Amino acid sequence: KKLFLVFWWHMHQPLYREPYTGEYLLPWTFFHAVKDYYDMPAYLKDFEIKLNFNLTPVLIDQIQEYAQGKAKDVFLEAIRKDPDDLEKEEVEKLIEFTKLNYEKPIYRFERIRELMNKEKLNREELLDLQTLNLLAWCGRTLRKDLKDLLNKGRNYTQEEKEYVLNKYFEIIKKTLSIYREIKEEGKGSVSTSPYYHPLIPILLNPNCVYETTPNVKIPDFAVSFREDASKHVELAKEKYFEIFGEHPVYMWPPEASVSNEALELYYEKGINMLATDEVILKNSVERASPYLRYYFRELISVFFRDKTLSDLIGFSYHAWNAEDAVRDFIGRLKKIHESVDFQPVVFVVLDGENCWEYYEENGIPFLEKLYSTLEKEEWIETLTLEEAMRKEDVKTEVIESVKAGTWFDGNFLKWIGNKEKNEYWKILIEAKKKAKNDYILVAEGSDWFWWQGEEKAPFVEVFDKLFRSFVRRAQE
């Protein structure tokens, strides 16, 4: 009797490319590309387990633009320049970026502490600040390759910075290829999401928020977004086909968000399986285990993620010693294994790139220990999404209705409901009446609403500039 374990790492960035200038106004796609988007599937070269990935199409577009050398990334320009060529504003942006990231474990360089405690920085000090900002985001692969430059910790030259930059772009250029490789070799399945990561249930029916939060205030949705909901899914199928040569049959619904209408749309668009959150299951069925494969109306397969296990990795284990965390995770799997006489399917689904910066050494000790341990546990079998979809020796249940929600509290309050978020929806509703191109789809991304107030929102003014620029561009 096995326990089936299914990792599904979700990779996404909203579009940071300002549509009038073409400038990438934040570097987060670059930094997560060099730190996480190649390195997470690259573990499959070293560990004989299965790991699955979601790539949003908008993320794929940006990875391609960086790989082609076309991304005009303003922060990265300030890193690349000789410090004698830095504008005053670029020095300020470099220091502010450092300050925002200063307390993260991946920024724990003695030299960063020295530089941030100095009233003025000279050219050699600025070179160190530029190069250490780059190296703080070094991924697993290059942390071995560049180990000697990493252990320097200071006294970097322009030549060394450019060498690091060159290696980083090498990583980006081979990133889509590694997803094709691990997919073709059967080491993982790759899914995608509706194109710009929108909240499909709200686009289909804004009143679905009242299935969970009767007291929420929403704006007057005086225009239909239902056709846009279909377009996000259709365009995503085509982008996926461009990369992989096939239409996707698995999708990750953004924010785990489902509704009866959203599930019908995914079925109509040929999606065979998705996953969502355990809280949705609890809200929808009186008594139901997340270790079964579910069939929504016999139309589409649904797995409900194990929220506890997923949140332990995504939010808890950065605060743990790595060996202890792996022992805790395996011991929880052992308890699940011993708790049922059938073979449970355990979905661990979470963002694939956001938790690691808070772990010791970027989560590399934790993941290496976790994966090394898993590959040797005879009673655990990790599965691709395809294997999980088709596994016969598993328990199964038909479900007829879900209560609309997300993986954040089972409801939509992170994206709608307060004055500031509602103002964004009002702006979008009015723009949609006048919309002339697909930039309206960009503005439907969940990210813009996530950050709109909110007191914890790094660079929130940039997200606001982007959202409003996409809204304006959509009407021209």
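Position 1 is the first residue in the sequence shown; the rest follow in order.
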Looking only at C-alpha temperature factors in the entry, 108 to 116 or 239 to 247, the higher average sits in 108 to 116
Of 396 to 404 vs 117 to 125, the stretch with the larger average CA B-factor in the entry is 117 to 125
Scanning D277, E181, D145, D351 for peak Cα temperature factor in the entry gives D145
Max C-alpha B-factor within the set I200, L135, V216, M273 falls on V216
So, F53's CA B-factor, relative to its chain, sits in which third? The lowest
Temperature factor at the Cα of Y37, chain-ranked in thirds, falls in the lowest
Assert third(CA B-factor, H10) within chain per record equals lowest
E18: C-alpha B-factor third of its chain, per the entry, is the middle
Chain-relative C-alpha B factor for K307 (record values, thirds): the lowest
